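Undergrad: only the shape, not the letters, is given here:
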């Protein structure tokens, strides 16, 4: 499947694509304001994620650090990034269907639109100013808005026992972005697309 990753933000981001134990395509790339990066993702890919990283410094070998979304200091991510990270999530060709969503379960750093470029389903978006409105306790110094599990590490925020309810913190994310997962047991905002659809992820879709 084809994913075009587009940076409409006014600042540089470093895109990342991983299924957690391996890169997807090249795994990561710098995107200046306006730049588009097209990747190919193997059919049948399960648990793939795409996210942006901000304020990165890398050397010639592709090692360095980012203030949000860092994946063990690599330009080309093999694993998932350090929160806060707005997440585009997908599972492809699962019994004839693709499943996509946006998640705030690992916090928020960059606004995002996740849309198909082929027919048959709708896109999803979280483009509110969550960083600007972020509750004091959830603000990450490096930038972004942490989820409450990341910050407080309780069974209730992290849904460790598989039983947990909405919280004052999850409701903040849900209020600003209804179409994204706000906590683990959130009522699913997953979109079902035809198997083998193609997609576009746009950072800063409105501004």
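TA: Looks like it came in fine. Numbering: from 1, shown residues only.

Undergrad: for the residue nearest the centre of the chain, which non-adjacent residue is spatially closest?
TA: Nearest to the geometric centre of the chain sits residue 87, at 1.3 Å (Cα atoms, centre = their mean). In space, and not counting its chain neighbours, residue 87 is closest to residue 103: 4.3 Å by Cβ to Cβ, 6 or more residues apart in numbering. Any C-beta I mention is one placed from the backbone N, CA and C, and that applies to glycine too.

Undergrad: what about the one you found, distance to residue 142?
TA: 20 Å (Cβ to Cβ, to the nearest Å).

Undergrad: do residue 206 as well
TA: 23 Å.

Undergrad: isn't residue 35 right up against residue 4?
TA: No - if you go by Cβ atoms under 8 Å, residue 35 and residue 4 don't touch, sitting 10.8 Å apart.

Undergrad: which residues touch the residue nearest to residue 87?
TA: 86-87, 89, 180-181 (Cβ atoms under 8 Å, 6 or more residues apart in numbering).

Undergrad: what do you get if the cut-off is 7 Å, keeping everything else the same?
TA: 87, 89, 180-181 (Cβ atoms under 7 Å, 6 or more residues apart in numbering).

Undergrad: of these, which belong to strands?
TA: Secondary structure from DSSP state E places 87, 89, 180-181 of the contacts of residue 103 in strands.

Undergrad: how about the helices of the protein, start to end?
TA: Applying DSSP state H to the chain gives helices spanning 130-133, 148-152, 155-158, 168-176.

Undergrad: closest to residue 18 out of these?
TA: For these, the distance to residue 18 is smallest for helix 148-152, at 18.2 Å, taking Cβ to Cβ.

Undergrad: check which residues of that closest one are buried.
TA: Of the residues in helix 148-152, 148-151 count as buried by neighbour count, 16 or more other Cβ atoms under 10 Å.

Undergrad: list of residues touching that helix?
TA: Residues contacting helix 148-152 (Cβ under 7 Å, 6+ apart): 83, 106-107, 137-138, 157-158, 167, 169-170.

Undergrad: let's see it at 6 Å
TA: Under the contact criterion Cβ atoms under 6 Å, 6 or more residues apart in numbering, helix 148-152 has outside partners 83, 157-158, 169.

Undergrad: and residue 184, how many neighbours?
TA: 16 (other Cβ atoms under 10 Å).

Undergrad: pretty sure it contacts residue 161?
TA: No - the pair residue 184 / residue 161 is not scored as a contact, 10.6 Å apart, by Cβ atoms under 6 Å.

Undergrad: what separation do you get for the nearest residue to residue 127 once chain neighbours are set aside and residue 71?
TA: Nearest-residue entry for residue 127: residue 111, 4.2 Å, with adjacent residues in sequence omitted and distances by Cβ to Cβ, 6+ apart. Distance of residue 111 to residue 71, given as Cβ to Cβ: 20 Å.

Undergrad: same deal with residue 196?
TA: In terms of Cβ to Cβ, residue 196 sits 27 Å off from residue 71.
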